Structure formats: structure tokens, C-alpha cells
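> This block holds the first chain(s) of the complex, placed as they are in the complex; more will follow:
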Amino acid sequence: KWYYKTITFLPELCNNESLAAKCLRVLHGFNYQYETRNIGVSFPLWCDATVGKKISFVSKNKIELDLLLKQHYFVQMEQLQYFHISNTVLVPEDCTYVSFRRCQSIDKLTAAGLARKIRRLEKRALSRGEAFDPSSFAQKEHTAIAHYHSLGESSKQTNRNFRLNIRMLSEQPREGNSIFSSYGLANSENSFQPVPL
Amino acid sequence: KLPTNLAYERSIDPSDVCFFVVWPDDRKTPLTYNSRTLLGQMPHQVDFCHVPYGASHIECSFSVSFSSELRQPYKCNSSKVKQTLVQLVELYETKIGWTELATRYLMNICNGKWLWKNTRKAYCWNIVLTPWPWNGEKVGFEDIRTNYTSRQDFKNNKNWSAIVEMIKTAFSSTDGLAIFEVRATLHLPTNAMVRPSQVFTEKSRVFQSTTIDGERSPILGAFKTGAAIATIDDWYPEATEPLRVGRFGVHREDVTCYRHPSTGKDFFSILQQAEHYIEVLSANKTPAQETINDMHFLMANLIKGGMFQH
Amino acid sequence: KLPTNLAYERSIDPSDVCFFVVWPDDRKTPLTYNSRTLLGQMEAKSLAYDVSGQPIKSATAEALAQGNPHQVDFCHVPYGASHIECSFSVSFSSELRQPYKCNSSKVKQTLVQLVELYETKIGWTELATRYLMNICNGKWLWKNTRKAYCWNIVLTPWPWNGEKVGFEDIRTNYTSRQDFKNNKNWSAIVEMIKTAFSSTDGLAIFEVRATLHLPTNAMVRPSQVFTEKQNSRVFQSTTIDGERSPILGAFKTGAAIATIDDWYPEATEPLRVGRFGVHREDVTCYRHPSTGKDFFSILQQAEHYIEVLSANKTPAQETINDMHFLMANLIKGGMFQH
Amino acid sequence: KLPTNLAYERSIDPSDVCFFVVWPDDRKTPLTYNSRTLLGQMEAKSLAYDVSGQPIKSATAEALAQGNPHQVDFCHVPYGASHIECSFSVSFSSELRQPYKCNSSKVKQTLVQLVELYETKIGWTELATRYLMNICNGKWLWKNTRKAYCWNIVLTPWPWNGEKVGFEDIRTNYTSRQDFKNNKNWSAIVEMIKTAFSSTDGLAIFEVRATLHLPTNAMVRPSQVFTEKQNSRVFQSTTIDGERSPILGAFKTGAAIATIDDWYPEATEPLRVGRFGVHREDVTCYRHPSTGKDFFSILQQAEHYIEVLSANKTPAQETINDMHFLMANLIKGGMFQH
């Protein structure tokens, strides 16, 4: 038994990634005063490109979901007609169960990232033997990927502009209650807990 | 004038700039890149070329050869403007020697101008060029940010007397020749961006590559690294920056062309006055504002020559 | 004269000059070219000049700043290559004695007598030494000799009973005629062209192999296809071991070892032996039929030229120089029938 | 005489010559040709001379410089090939003993009796030798034999019981009849061309295989097509393994092995055994009916030639040299009915 309060980015000229980034940034900023790992992310009309002009917030107990939209961020946005919000509607049991997992192995393929991986492998060569020759590696020739459709998150403790990127896999229409994470999530290392779209 | 079949042949003949990675054990492997295409769930290929981890330095090897193919045109059609052009070049040869163009061509070889962007955020880079015909030792230019900046920094004792001359003989002596084999060592930082030449693809970022030791390597063009050592033209109405020696002194990154056919300082109005320019070189002395600065451009455009038909 | 059906068969049959790349392992691969597209700038004369004024404002500073792209075939020496090996074969036969078709046995008998008189009076030594100074100095490479360190020519004649004939670095050593006229290499292979021109059923086949030392990644210039009218600068190519490779032509390298004609009114530089002494660079032609030193103006005076070869001595200003040219045109051509 | 319906059927039935490039790997490939475009000079006599003086200035010194482009077919040996292999079959039959149609059964007797009297008196040795010498000396290659190192000919006769009769390198070895007429080879296969012509329902089928060693990517010269009336020099071709390959004629390799006629007014060269004795090179035909030595001037006095082949002996000047020409035109025969 789940509920959702949708937010629609209204004014018809908006880099939806830049909006969805800060919306998930304040969901990440949410649940740090209270260690609660309950709520999903639910991108409803995720297209081939340009993530859709609204976002649903399918949730757990619903004492959290309403509380999630009482953060004085969405309030301070609301005085200008930017967002339009719904009244916590029941999920119908006839719905698609898509998993919105942040892959994070996309940035194991960038040379800046592969430099990190080799440098790690070189530091933990203290598992003794022959200290491996760092000339025995090749960025393949055609490292081909789909689809990953990235956002624009930034770190808060440090001034590092990290970027998390979400995929759209679908299976097994019921799993756990919930387990999730700080960044909403459908990924957290144990459960592939899908989202009712 | 412009007699319907007039063609000169280039004197500066550059090659491809083959990139190489030197490891700390003194063994040189060709620099290899990777090409990612995005297969959006139901073509657009982007290439990435960074310096691999634990690399000592980067070698950039190419060969430029100065020849004497500016004395006589390749096709003339009419032997009336022929002797005019042969007289014009040998008058320029005698009156105001080949020192200026030679030095200007040899500065942007011996300072790494042909690397274009790979010198940016680099600690130090050293250029060694082997000339021919030569009799002794390799001419080496050490760290070219601190030591060599201006002309006078290049005009030191044991290097510059004997390699600017041998370009002057290679332009004057009919069936004359000079072959410089240039080799630059970039000391780029840990996993820096290398910017090679990008191929056309009529409509993003797929490079020009050749196969060295069975595997592909980015190449930095042939007509790009020739258009780099001929970024010489700065005798255009006033002066801001050295341009590529075209006919209409065309700028690339900004999409305008200085030396318009309207301003009367482009290679077609300056050419057709040649018979006048033979006059002012006959007796002393040439005013070095409209004469020397135009004869420099005229000769600099003859070295890029072919074709001036109709 | 010119009896409506006179033809001659050519007396020098060259071949295509196959390029090979030899590596420091003493192994050979075919030299392979690629077709690349490049971005030129609008530097054509008639893109900002009508005839020969200034245009409407369609040649504005925006219009002449757009790069016009060409697609050309780029062939260069691969990195780590030792040197380039160019190989062809030439055949000297005696198919200038008797015309292929004659039609009338009064001009035929004239021309067989004229060849026999030229042979016996002023022999084939001049034309032989001239035709062999183009095979042995690498004129058939055309452009690849400009900006080359050293090129050595090794040629294998037939019939022969000994070693190979090899001319080493040909920029310093073999410059003049006397430099070629040395010990083991000229008295014996100028003879066997003279015995292959003077004798019936005469033959001399040379297999020529030139080694080019070009600089690092140096540009190699083969011949081009005609393409009777984007892709300009398309190379003539043939298949070696499955791989396509550029070829430098068969007819181009026949017009390399037949650029001996410096007997045209005054003198500048040797032309290719044509009827109307056509120069390709200067697009005018020396020996225009007005001057009366083209082929047909000299041929029709054959019965005159026989009477000058009656007794001593042949004048070396306007008879030897003209009969050289006449015989040089009988060696090449066919047909001159009208 | 010549009774309005009189045709003969030919005795010698040759075929196409398939060219096969053979490599050092002991594999064979069909020799392929390519349509190559090229740039010749303005070298035609009619361009710069009208009739028979000088052209008015539309044909200036610059108009004779622009090279006219031709499109020809180029066929050469590929680089790294061992030799060229030329295969054809020839079949000698007994189709000269009786005319195909006769119309009058009094002139059938004359021509039948004439062939019987020629057989019994002056036998088939001369014609059979002159036919087979052309088969075994490589006349049927025409021009590929010239500018070649060495060429071997191996032919398998039928019916036969022994080794294939190998004629090795034919330049130094076999030049004259006595070099051909030696021990192991020749006397056994000149009979079976006699016993083909002499006996009723007689037949001999030779399959001739020649190997040409030409120089490095030398030019192969096959037969060209007519095209009844740009592209000059179109090669006649057949398809081997769905790949087009040049052919060197069928009626061209019959014209080759029947170049016998040196029994004509003077005597210079073997002509192709025709009626009016057409020499293709020197266009004027020997055995013109004004001479009275052509086929119809010889046949219409056959009743004279039946008198001479009884009494001992016959003169080898104006009897045997005419009877040879007679049988040479009955072997090619068809049709001479007026």
C-alpha cells in the first residue's frame, strides 16, 4: 500500500536534468536529520532522451511522503507558478515495476576513472609478488554503453562536482519494504526493489 | 594577366606528426585512443585520447623539406608573364634576401607551434631537429617556455647561423634542397588531454588515425601541421595576430577574412601590379610599409602557390 | 607522299612501375593508399572576380571564410619503413625497320633504305646512350626524386652472362654523360640496344629495380586516373597479393624514357618525342607546322635526306639533328597515314 | 566449269585460346583485363594539315597541345606470377575428298579423281609438315612470342599411346624444319595428319598447351572485337568461373596455322591460303586474276592437271606449286560456285 505526490516542472523551457538534480539533491538533503531509508524517485515519462517534465514520489508509510514535501524548498518555489502538486493518490496494482538504479560503472570507463582504477591496483600491489607493469593496460577500442541518461549532482562536504546517472531496468513486481538510501534509489547493493512508475 | 592557366607548386612539404609514449625504461609505444558510441535504448561516435598512467614523456616525430619550386611556375600557358615572374623572384632574391621568411618559417618549427594545443598545461617540451645536407651534430632546443621566447633568444651562437642559411640556399639554388627531421618531447602531466587532428564527417569528434606496429594512432594531420608552420602573415592592413598565408588572409576560429578583394591588399591586386613592383626594386630605396610588406606576402603566397588561373 | 595507309609498331615497350615498402626485417609489403576528405579555403580566382572585375555582395567576408571540402587519395611511407622499392621492365626490339602497313612499295622501299643509310652512316650510339640515360638516372620516378636522400638503380639485362648492373647514389656520382660513360656499365649495355635496333628479330629486355630513401612519413606521388567529366586526385591502382596499390602507369613511364628531344629550333630542355614537339608545362608547342620542323614536313623530304647520305660528310646542324628526330619518331609512333 | 552450286567444308577445326595466369603456388587464375582511360597528344596528321597544305588559324600552337583522352582495354601479367598458360584444341578431318554440294556429277569425278591423284603421286607430307610446324612453333600466339624469355609447347594427340610430345623453349632449339624433323617426336605425328586426310572417316584431335615466360608485369596481346559502324581496342572475351577473360579468336588461330602460301609469283613470306592471295600488311594482293595464278585460273584448267600426274616425272615450279595451292584451298574450301 503506497502513495505519491507528483511535481510537474511547468514553464515549458527547462533543462529537466538541472531540476531533477536539485530535487534529488534536496531528497539527499532530506533524511539526514532523520536516518530514514524509505522513499523512491519514480521518473514517470522517462523518454529516449530528455527526462519528462514531471516526477512522482512513491513512498512507504506516508508520514514521510507528506513530510518530504514540507522542507521550505518546494514552498519557496511555489509562490512563483513553477510547480503544481497533487493530493497523495493511492497506487493502482496494475502498474509497471521499473528499477531506477544509479549504475556508477559508467565512470569506470572514462580515462580519468581508469587512471584511478590502475592507481588503486598499484597501491594494493602490497599483496606482495611482482609489482605489476603499468604499461600492460588498454582502453579497449570500442567501449560501447546504453543508456544511462545522466543528471548533475554536486558534493556538500567537499567542492567535488560528482555526477550520478540512472538506468531503467524492470523485473519482479514485489521485493522488500523498502531498504533504500540517501539518494532515493532502487540500487542499494542488496535489493533491486522496483518503482510503480 | 591571370592568363587562364597559371599554377605554382609548394616549396614547404611537411608530413604526419606520429605521436609516441616513452615509458621510464626507454621503450617507445604508439599512443592509442578509444572511441565510445551511445546506443540509446529502442550513429554518434565520440573519441577520447589521454596520456596513459606511468608514462615518462610523449615523442612527436615529423619531417619538413624546403625545395626550390618557386623560381618557375609548373604550368604558364603564356611565356610573357613567365619571365616577369622569374625576374620578380630573382629581383626579390637580390634586393631583400630570404632571411625574413626563412626565420619566420623556422621559428614556428623550432618552438612547437605545430603541436597547436598539446603545449597547453605542459611542464616543459624539448625540440631536436636533424637537418640534411648536414656535417656534424643534432641541433637541440632545450625547454621552450623559459629559454626561447623572442627572435633574439633563437639567434644564439651554436645553432641559428647554419640552419636559417641552407633554407636560403634551398630557395635560391635551382634544384636546391633542405630536409629537417623534427622531434618534440612533451612532458605532459598525469593523465593529461592530447588534442590530435579531427576528420571531416559532413553533417562529433572522430580523429584522423594511421596504423603503426599493427595498431591505430592519432596523427595531427599533414595539411594541418603545414598550415601551422605557415601561420606567418601579419602584414595585413594594421596588425593583430599572425594569420595563415591564404589569398584573402582568412581567419578560422573567427569567421571573417582580412585582406578582402575590396581593401586592395589580397593576392590578386598585389600580383597584377608586379610590373610596377619591378620598377621600385630597380633603384633605391623601397618604402618598407607598402613595398617590402607586400613583396613578403607575394613571395609567402608563391610558396603556397597553385593555382592563379582566371 | 603520306599514302593513305602507313602505320608503324612501337620499338620500346615499357611496363607499370609497382611500388613496394621494404622494412628493416628485409621483408616487403605493397605500398597502400587511403582516401581522406580535407577542408580547403575558397582561394579560386573566380569566387570574388567576374571577368576580371569585382562581384555582387555574394563574395562577402562570411562567404570566403567558409571552408570548401575536397576528397583526395593520400599515399605516404608508413612509419618504421626502411626504404621504398620501385620495379618495372623495358624491352628494346627492331620494329622500326619495316612499316606495319605500307600500302605503296615506293615510300616503303624509301624508308627501309633511309633506316639502313642512317644505321650505316651515323649509327644508333646517340639514341641508345640517350634512351639509357633516362632508365639509369630514375626519370621514370618523375616526382619522388625531389626530397629524397639517395636512390640506387639495379637493372638485370637479357640476354646476359654475368653479374647485375648497379648505379649507386644518383645525385653526386651520375650527374653528367661522362659520369655514366665509365668502366663495366656503358660499353656493354649501349651495345645490345644497337644490336637490338640494327639486327632483324633483335631483342634486349631490362628488369629495372630502384631503391628510394625518403624521409619520415614522406608523401609518395603516383599517377592519376583521367575520370572524363566529389573526388578529384584519384590514383591509378592495381592489386598485389589482394591489396590495392598505386602503379605510376605504363604509358607515363614510356613518356619518361622518351624525353630526349632537345633538337628543336633553339633549345630549352628535352621534350617528349612528339610530331608537333608539344611541351606540357608551357602549353604552347615548339615545332608548329608553320616552322617546318614537325614530323610530316621532315618525312616528305626523305628522298632529299637520302641524297645527303650519299657521300661524306653529314652536316651536324640541320640534317643529323633532323634525322635523329625522324628516326626517334619511327621508334615511338604509328600511324601517319592521313 | 564452276557449276552454280559447289561448296567445300573445311578440314581443320581449331578453337578459342584460354589464357591462364599460373603462380609459384601451382594454382591457376583466369587472366583478367580492365577498361583503362588515358591521355594521348594531338598526333593525328589530319588535325594540322587539311588537303594537302596548311590549316587557317583555328588549329594554332595551343590547340595542338590539349591531349585527347582515349579509352582502351589493358591486359597485363600480374606481379608475382610464374608464367602464362595458353590452351587450345585443333582437329584434322577428311572433308576435302568430296565436295559438300556439287550440282553436276561430271565435275564431282574431276575433283574426287584430282585429290586421289595428288594423294598417290605427291603425298600429304609437305602440307601436313607446313600445318603442324605452325602448331608447334607458336604461330597461334601471334605477338606474345615476341618480347618473351622462353615459351614451351606440349600437345596431346588422339588417337595416341605414349608421352605428350614436348617442344621445349622454341627460340634457340626449333627454328628450321630439320630442327623439327629430329628423332623421337615428329615422324609419328605427321602421319595421323596424312592418315586423317588420306583415309575415309579419318580423324586426329591435338590439344596444344603453351607456357609463356614474359618479363615483370609485361603486356599480353589478345584478339580485338570489330564493332560495325569513346572506346577503341575492345578485347574479345569469354567467361571462366563467371569471370571475363580474353580469348585470342577462333578464326584467328585457324588463320595462324594455315599461313603456308610461299608458292606465289616471287616468294617473300608465307601468306594466309586465300583465293586472290591477300597480303594484309602490304595491301596489294599477289595472285591477282590479271596474273592468272589465283584459285579460279588454276581450278578451271584442272583437266590439264589430271594429264601431268600420270607420266614420270612432275616439275616442282609450275605444277606442284599450283597443286599445293589447289589442295590448300580445298582444305579451307567453301564456297566457289559463282
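All right, it came through fine. Numbers count the residues shown, from 1 in each chain, chains lettered A, B, ... in the order given.

> Strands of chain A, start to end?
Along chain A, the segments classed as strands by DSSP state E run A:3-4, A:7-9, A:54-55, A:83-85, A:89-90, A:98-99, A:169-170.

> By proximity to chain D, which residue of chain B wins?
Among all residues of chain B, residue B:77 sits closest to chain D, at 7.6 Å; criterion: C-beta to the nearest C-beta. No exception for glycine: its C-beta is placed from N, CA and C like everyone else's.

> All the helices of the chain, residue numbers only.
Unless you meant another one, I'm taking chain A. Applying DSSP state H to chain A gives helices spanning A:16-29, A:63-68, A:73-78, A:111-123.

> hm, I was asking about chain B
For chain B, helices defined by DSSP H occupy the ranges B:81-95, B:99-107, B:151-154, B:157-160, B:168-172, B:224-227, B:269-272, B:274-280, B:292-302.

> Let's have those in TSV, adding mean neighbour count and distance to chain A.
Listed next are the helices of chain B as TSV, based on neighbours: other C-beta atoms under 10 Å in any protein chain shown; distance: least, C-beta to the nearest C-beta, whole Å:
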stretch	mean neighbour count	distance to chain A
helix B:81-95	16	50
helix B:99-107	18	34
helix B:151-154	13	36
helix B:157-160	12	35
helix B:168-172	19	41
helix B:224-227	20	24
helix B:269-272	17	49
helix B:274-280	13	54
helix B:292-302	20	41
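
> Any idea which of the helices of chain A gets closest to chain C?
Between chain C and the helices of chain A, the tightest spacing by C-beta to the nearest C-beta is seen for helix A:111-123, at 24.0 Å.

> Next, the buried residues of the closest one.
Of the residues in helix A:111-123, A:111, A:114, A:115, A:118 count as buried by neighbour count, 16 or more other C-beta atoms under 10 Å in any protein chain shown.

> Give me the neighbour count for the residue in chain A that chain D sits nearest to.
Going by C-beta to the nearest C-beta, chain D is nearest to residue A:141 of chain A, at 32.8 Å. Using other C-beta atoms under 10 Å in any protein chain shown, residue A:141 has 11 neighbouring residues.

> Pretty sure it sits against residue B:35.
Yes. Using C-beta atoms under 8 Å, residue A:141 makes contact with residue B:35 at a distance of 6.9 Å.

> Next, see if stretch B:66-73 gets close to chain D.
No. Using C-beta under 8 Å from any C-beta of the partner chain, stretch B:66-73 stays clear of chain D, coming no nearer than 16.0 Å.

> onto the same structure, chain E please:
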Amino acid sequence: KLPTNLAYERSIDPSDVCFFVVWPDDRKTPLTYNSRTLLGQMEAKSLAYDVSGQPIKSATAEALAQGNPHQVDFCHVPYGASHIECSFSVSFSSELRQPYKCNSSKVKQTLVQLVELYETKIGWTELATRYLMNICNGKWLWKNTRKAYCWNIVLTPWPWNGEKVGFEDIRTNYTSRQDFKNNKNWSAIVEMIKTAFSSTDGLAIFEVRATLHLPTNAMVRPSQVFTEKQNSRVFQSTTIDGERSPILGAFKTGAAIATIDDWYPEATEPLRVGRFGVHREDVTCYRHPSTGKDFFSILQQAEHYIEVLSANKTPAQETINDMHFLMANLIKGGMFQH
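Adding chain E to the chains above:
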């Protein structure tokens, strides 16, 4: 006699020949011909002989040597073929019993009596064997059997309970009549021509295929189309799998198996059974109406032959030889109207 409406229907109905090229893969593709233009020389008797002198000097030694083009269809075995497969079907019927039209019940019962009396007295063995000897010796191939290594014939009759009848190489094995009498083949295929001629509504449908082993790319000779009036040899063709193929006639293959007529004044060779015994080679027709041994002068004595076929014993030279001709003429019969 000859009652103004007398016609017979034919008894032997052959079909068109189909040439297939069998490859070493044992796959069969149809034989295809091409049309090639070729250069002959002026060989016609009426180009240098009016009647019977030498003509106006437009046909001199110059104009008699100008080569004239013809155009011909060339059909040959392709290079790398195993053998040619020639397939057709022949049908023996009993339509020689009653006339198709008779008009009068006086000649009808006469002719029906004459067939029954011939059938009874001297049976079909002679004719049946003669018709079957040149279905099985490949006479129907006409010209291709000459200049061929060996040809095998396999035929499948109907009705039949057994294995296909096979005559292997018909050059050495099968020459004479007796040689066709092998123990296990011949005696039971003569029968089903004797009991398909004799019995009412009788039948025999032979399907015959011959394999031809020819030399290297040798010419195959099919049948040529008439063209009532430059083009000699326009071959008769049909479409197999969308490809045109040369056919060798429908009536020609019937005029080959019916060459059995050697019962004429003397006897040289078998003629095609006609009313006036026409020989197409020697254009004079033997068995002329003047002799009184033609069909129309033998038929009109029919009432004579019915008397002779009722008493002992029929003289095997005048009566039997004429009864053979009568019945062999009724077998292809049609039509004796006047």
C-alpha cells in the same frame, strides 16, 4: 487411282533436341550461344569474274584486299565442362493402318488390304530395325558426332519392366547391324515397334539421351533458321530457365531417323524417304518419275502387288524393295491429293 482426297497421318513423332552442359559437379546448365562479328576477305568468285573474263578496274589488287565484315552465331562447349547431354523423345504409333482421308471405299480397302498383306507376308522387322538403328547410333546428332572423342546413348522406353537400354561409345563397339544385337537389350526394343505398328491404337514412347565428350571448347553445330530474303548462321533456339539455348530442329531430328532409303536404282548411301528420292548434297534427285520407281508410279500399281503377296515367293529386289518403300512412305505419309 488417286481419288482427289487421299492423305495419311505420320507414324513417328520426334521432339526437339535439348543441349545441356554437365560440369564436374554433375550439375546441368543449358548450352548458350553468342553473336560475334568477324572480318573475312573478298573470297566470292563474282567479285573478280563477270562471265567469264576479268571485270572493270574497280576490282583491282587494292580493292580485292579490303576486308568485308560478316556476323555469325558462335556456340561452343564452355571451358571446364565435363560433357554435353543431348535429350529428346520419339513416339512410334499405328496411323499407317487406315488413311486419314480416303474419299472412295475402293482405294481404302485396297490400301488397308496392302498394309495387312505386307504385315502378314514380310513383317515389320526390316523397317523397325532400320528406324531403331539410327535412333541408337546418334544419326539425329548430325554433325557433332564427327570430331568427338566418344558418345554414349541411354534410352528409356514405355511400357517397360526392367533397366535402361545403354549403347556405350558408338565408334568402336557398334559399327554394323549385327553389332547392335547384344543379348540383353536389342531383341525386346525391335518388338514394341512391330506390336506398335501392327496392333490398332498401339504405342511406343522412347525417351533418348546421348552424352557427347568433345575436345577443349570445340564448336557444337545446332540447326539454323531459314530467313527468306549481313548475317549467316542464325541458330534455331528455345528458352530454358529464361536462357536462350540452341535446339537442333523438330523436323530435322525426324529427317535424321528416317534416312533408311537405299532401295533406289543402284545404292550409295541412305536418302530421306521422299516421293522423288531427293538427294540434297548431289542436287540431282535419284528415283525420278521418268524411271517409274517414284512413289506415285509404284502406288498406282498397288493392285499388282496384292496378287504377288498371295503366292510363293516374292523376289527380294523388285517387289520387297518396293513394298519397303511403299510402307516406309506411308509411315511419314501425307498427302497424295493431286
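
> residue contacts, residue 89?
Just going to use chain A. Shown in contact with residue A:89 (C-beta atoms under 8 Å, 6 or more residues apart in numbering or on different chains): A:3, A:4.

> nope, chain B please
Taking C-beta under 8 Å, 6+ apart as the definition, contacts of residue B:89 comprise B:70, B:71, B:299, B:302.

> I'd say the last one and residue B:68 touch.
So the one you mean is residue B:302. No. The pair residue B:302 / residue B:68 is not scored as a contact, 11.7 Å apart, by C-beta under 8 Å.

> okay, now residue 1: neighbour count?
Unless you meant another one, I'm taking chain A. Here the number of neighbours of residue A:1 (other C-beta under 10 Å) works out to 8.

> nope, chain B please
As a burial measure, residue B:1 scores 15 neighbours (other C-beta under 10 Å).

> Nearest residue to it in space, please, no chain neighbours.
In space, and not counting its chain neighbours, residue B:1 is closest to residue B:272: 4.8 Å by C-beta to C-beta, 6 or more residues apart in numbering or on different chains.

> Next one: the closest residue to chain C within chain A from chain B, what distance?
Across chain A, the shortest distance to chain C (C-beta to the nearest C-beta) belongs to residue A:141, at 18.5 Å. Per C-beta to the nearest C-beta, to the nearest Å, residue A:141 is found 6 Å from chain B.

> so who does that residue touch?
If you count contacts by C-beta under 8 Å, 6+ apart, then residue A:141 has B:34, B:35, B:216 around it.

> Which of those residues sits closest to residue A:84?
residue B:35 (43.8 Å; C-beta to C-beta).

> Just give the nearest non-adjacent residue to that closest one, would you?
That would be residue B:47: by C-beta to C-beta, 6+ apart, it lies 4.6 Å from residue B:35.

> wait, isn't that neighbour in contact with residue A:143?
No. Taking contacts as C-beta under 8 Å, residue B:47 lies outside contact range of residue A:143: 11.1 Å.

> tell me, what's touching those two both at once?
Counting by C-beta under 8 Å, 6+ apart, the shared contacts of residue B:47 and residue A:143 are B:34, B:36.

> sorry, back to before: list buried members of the contacts of residue A:141 by neighbour count.
Buried among the contacts of residue A:141 by 16+ other C-beta under 10 Å: B:34, B:35.

> include chain F as well:
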Amino acid sequence: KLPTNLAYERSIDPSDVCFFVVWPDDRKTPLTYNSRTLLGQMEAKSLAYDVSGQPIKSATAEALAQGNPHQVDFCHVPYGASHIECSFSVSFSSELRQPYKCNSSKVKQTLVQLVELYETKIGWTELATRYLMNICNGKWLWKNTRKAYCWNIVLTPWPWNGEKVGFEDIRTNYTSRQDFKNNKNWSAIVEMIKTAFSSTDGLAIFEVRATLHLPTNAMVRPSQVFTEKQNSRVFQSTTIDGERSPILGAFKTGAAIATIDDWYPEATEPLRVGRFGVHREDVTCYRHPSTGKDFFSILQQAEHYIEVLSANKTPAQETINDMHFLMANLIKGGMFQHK
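Same chains as before, plus chain F:
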């Protein structure tokens, strides 16, 4: 009798027999012929005989050998084809009861009464059996059945509630009349024709399809045009798929199924049912008015034939045989005017 105007319509309506060549893939193309020119000998009796002596001195031994050309249409099965399918439709109707035009209501009532008495007294079995026996044994192909391995005839009758009527290999199996009377469908298609003759406005359509196994590229014989006044032997053709095809005629394959008449004075062979019994093999017509057995010597006696058909009993040799022949002529006939 013969009242100057008296016409009957047709009761058997056949069609054109469309030839189709069918391949091993079971795709059917139309059959195609070609006009090929050929060279024949001088075989005519006219060219070497006056009457009945010897020719002028222009028919000499050389003049009797210069072969003369003709131009003949040639149709054959193409190479590699499986077999030939021949398709047409017969339509039996009840247009033999009353004359189409009659002019005088005295002979009309006579002929209607005569048909009714022949219907009730004698069966339609005899005529219908003789009619059906040569729609189902391939008489309608004439000469294509001769020199052919086997032919199979499948017919789709109408009106019909069931399957298709099939006749397999017709050379051994279906030879005699009893072989047709065998098991299943025969007893219902000799019926429904008698319904098509007995019932007023009765109708029976039979669509026939024959398969022919001819030898390899065998000769096919269609019907030829007339050409009244050069191409001798021009084939009758029609358009299928926009290409021409040989046809075998409408009236030829009506003259095949209507070969009943073997009651003519004695008997040798069944003829075409004409008035004067015209034979084509021999060009003398049997059953002509000097015998008094033609259609006009039998019809004028029609009234007499009624007086025998009422009482017992008709002798099956003269009276019944002529009543069969009358009705065989009534089915085909039109028009018995004069004039």
C-alpha cells in the same frame, strides 16, 4: 410437316479448353506457340504429273530438288515442366422440350407430346450415359490423349452437396461402360442430367479439369483457324495474363462430347450427330435422304412414332434407335425451316 419456320435452341453449352503448363513448384503459366519457318521437299503430285501421264520438260531431276519453304505455328511443352492442365465447363439445360420458334400450333403440340412420351417411355439414361462417357474419358482433347503416358479427369458438378468427382489413369481402368458404372459418384451424375432434361427450367453445370503426362518437350495440338481467300497451320488462340495461348475451340469440344450416332444403318464408328450423318474420315455421308433415315425423313413421320410410343412394345433396333437419333438431333438442333 416442316412448317416453313421451326427452330430449337442448344441444351449442351461447352466452352474453350484453356491449356496451362504446370511446373514441379505447382505454379501454372499459360502454354505459348511460335510461327517457325521450315524448308520442305517438292512432294506434291501436281509438280510432276498432268493427268495421269508425264510432266512437261520443266519438272526435271534438278528442278524437283530446289526445296520450297513454308511457315507453320509450332506449340510444344517446355523442358522441365511436370504436366499440362486443360480446363473447360459443360452446361446441360432443359431447352429441348418446346421449340424456340414454331409458327404453327399443330407441330408444336406434336413435338412437346413426342418429347414427353420419349421422357416417360424410354429413359434419358441412354443419351445422358453416352453424353457423360466422353466428357469423362477425354474425347474433348481429340489427339493430346494419343502418345501420352496417362491423363486424369477431375470434374466439379453443380448443383452439388459434397466432394469432387475424380477419374484416375484412363487407359487401363476406364476402358468400357461397366468401368464407369463402378463405385461411388457415377450413379448421381447420370442422374441430375435426367433432372436437367426432365424438369422444366432444369440446369446442370459440370466444370472439367484434365492433367496430361506427355513425354519430354512433346508436341501439343490445338485447333486451327480457317483463313478463306503465307502461314499454313495458324493456331486458334486467346489472351491469358496478357500473353497469347492456344485454345482447342468451343465448337470442336462440343463436336467431341456429341459423338453419339452409331445407330446409322449398320455401324462402324460413332459419328457427329448431324441431319444427314456426315462422316469426316471417309468423305461420303451415311444416313442421307436416299436411305430415308436423315432428320427430315424421320421428323415427317413423327406423328406415326407417337402411335407406337403409346402401346406395347417398341422394338429396340429400328423405332427406339430412330427415337434416340431424333432426340440427339433435337438437343443439338435448330433450324428445320425450308425456308
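
> Could I get the contacting residues of residue 76?
With no chain named, the answer covers chain A. Residues counted as contacts of residue A:76 (C-beta under 8 Å, 6+ apart): none.

> was after chain B, sorry
Applying C-beta under 8 Å, 6+ apart, we find residue B:76 in contact with B:3, B:5, B:6, B:82, C:281, C:282, C:283.

> now swap in residue B:169 and tell me
When contacts are taken as C-beta under 8 Å, 6+ apart, residue B:169 is in contact with B:176, B:178.

> So what's the residue count around the closest residue to residue B:37 other than its chain neighbours?
Excluding its sequence neighbours, the residue lying closest to residue B:37 (C-beta to C-beta, 6+ apart) is residue B:45, at 4.5 Å. By other C-beta under 10 Å, the residues close to residue B:45 number 14.

> Verify the contact between residue B:45 and residue B:33 for me.
No. If you go by C-beta under 8 Å, residue B:45 and residue B:33 don't touch, sitting 11.7 Å apart.

> which non-adjacent residue is nearest the closest residue to chain E within chain A?
For chain A and chain E, the shortest gap (C-beta to the nearest C-beta) falls at residue A:142, measuring 42.1 Å. Nearest non-adjacent residue to residue A:142, counting by C-beta to C-beta, 6+ apart: residue B:35, 5.9 Å away.

> tell me the contacts of that neighbour?
Per C-beta under 8 Å, 6+ apart, neighbours of residue B:35: A:141, A:142, B:45, B:46, B:47, B:48, B:206.

> Then residue A:8?
Contacts of residue A:8 (C-beta under 8 Å, 6+ apart): A:53, A:54, A:83, A:84.

> Likewise for residue B:101?
Applying C-beta under 8 Å, 6+ apart to residue B:101 gives the contacts B:232, B:296, B:299, B:300, B:303.

> now with 7 Å?
Counting by C-beta atoms under 7 Å, 6 or more residues apart in numbering or on different chains, residue B:101 makes contact with B:296, B:299, B:300.

> Just send these back as JSON lines, with distance to residue A:69 too.
Converted to JSON lines, those look like this (distance: C-beta to C-beta, whole Å):
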{"residue": "B:296", "distance to residue A:69": "73"}
{"residue": "B:299", "distance to residue A:69": "75"}
{"residue": "B:300", "distance to residue A:69": "70"}
